[PDB]
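K.L.:
With the input below, show me the fold.
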Amino acid sequence: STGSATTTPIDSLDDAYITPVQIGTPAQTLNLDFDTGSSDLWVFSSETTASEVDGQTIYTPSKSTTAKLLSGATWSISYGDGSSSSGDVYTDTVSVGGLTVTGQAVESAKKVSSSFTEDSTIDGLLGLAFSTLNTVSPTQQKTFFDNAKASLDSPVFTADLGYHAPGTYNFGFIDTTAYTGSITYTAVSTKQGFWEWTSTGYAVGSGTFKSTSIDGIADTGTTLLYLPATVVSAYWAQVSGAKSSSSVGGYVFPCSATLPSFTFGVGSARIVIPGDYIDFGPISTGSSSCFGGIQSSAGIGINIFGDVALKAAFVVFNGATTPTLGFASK
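P.N.:
Residues are numbered from 1 along each chain as shown. The protein structure is shown below:
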């Protein structure tokens, strides 16, 4: 089997992307944030504290003939950005782009933090990291991909995120028309539960590529590119007027600037992020100062190849017995 679904930016900055997901019988369609950096499929629901719901579409398990309550099970997650959510657990039929998993754990939120409430466009998350990170207790549950894997034509999914435009998540096949050149594959460590890999280096604009190992995670659920302070300083030093602002929370630059590209290595291959992808707009409405899309990972504890990096590539998440990642230009 296969599936194919369009993913759409939530706003004009590509802050996140939402993908329609069918849950239950009859289908209830919710728009979920596909997150390769976490492993819980959780939704706003009829159980979510009413005051914490503000415009989201909710899952109502009592209206689904296929919903089952997982007796006594609970879940609770905290994300790197400080957001959180928690609740109880159902299993139900879940379909993405024509691909159906029966008995998928659908984690129903009783509580969500303010950042989720405040974002009316995101009805929940669909985790695509390794199931070892799933937070269900007492017994951890499997991700949508882990459940679908054995049925897929090939044990893979691909992320093809757009810049200021829709893109595509495919399950079970590689669309050979969706990228230019060849896909370069690279090793993955699953030891921390992430799609963790080692980039072979970077370049800033037209500068000569520096060969150096950069360990990080491929994370569709993180907006920006977070890299070591050395690398990030080298990038912003090439932007007139750029500086790190502790009050703003990162590197800012004059909105009138022409940003250089940023290149990262995948083996001997190279992915070039155009300068425009690194512009995240005025720091506040009407400001001439803009927020940068490449920021330091110091204090995160891990480097994160988030949407800024991933949307410059066609990315293969290969869930074979020994997982790998593939990257192609597009």
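K.L.:
element containing the nearest residue to residue 265 once chain neighbours are set aside, please.
P.N.:
Closest residue to residue 265 in three dimensions, ignoring its sequence neighbours and counting by CB to CB, 6 or more residues apart in numbering: residue 200, at 3.4 Å. For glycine as for every other residue, the C-beta is placed from the backbone atoms N, C-alpha and C. Under the assignment given by DSSP states H and E, the secondary-structure element containing residue 200 is strand 196-204.
K.L.:
who does the next helix or strand along the chain from that strand pair up with?
P.N.:
Scanning the chain past strand 196-204 towards its C-terminal end, the next helix or strand to appear is strand 210-218 (assignment: DSSP H and E). In the sheet containing strand 210-218, its partner strands are strand 196-204 (antiparallel), strand 303-305 (parallel), by DSSP bridges.
K.L.:
what's the closest of those strands to residue 19?
P.N.:
Ranking the strands paired with strand 210-218 by their distance to residue 19 (criterion: CB to CB) puts strand 303-305 first, at 19.3 Å.
K.L.:
Redo the strands paired with strand 210-218 as TSV? Include mean neighbour count and distance to residue 312.
P.N.:
TSV is the format used below for those (neighbours: other CB atoms under 10 Å; distance: least, CB to CB, whole Å):
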stretch	mean neighbour count	distance to residue 312
strand 196-204	20	13
strand 303-305	26	10
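K.L.:
CA-only coordinates of stretch 110-121 in PDB, if you can.
P.N.:
Included here for stretch 110-121 are C-alpha records, laid out as PDB according to Å, rounded to 0.1, in the frame of the first residue of the first chain:
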ATOM      1  CA  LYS A 110      -7.600  16.700  28.300                       C
ATOM      2  CA  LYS A 111      -5.100  19.600  28.700                       C
ATOM      3  CA  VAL A 112      -3.000  21.700  26.300                       C
ATOM      4  CA  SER A 113      -0.600  24.600  26.900                       C
ATOM      5  CA  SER A 114      -1.400  28.100  25.800                       C
ATOM      6  CA  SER A 115       0.700  27.900  22.600                       C
ATOM      7  CA  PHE A 116      -1.500  25.100  21.300                       C
ATOM      8  CA  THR A 117      -4.800  26.900  22.300                       C
ATOM      9  CA  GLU A 118      -3.500  30.100  20.600                       C
ATOM     10  CA  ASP A 119      -2.900  28.300  17.300                       C
ATOM     11  CA  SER A 120      -6.300  27.700  15.800                       C
ATOM     12  CA  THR A 121      -4.900  26.100  12.600                       C
END
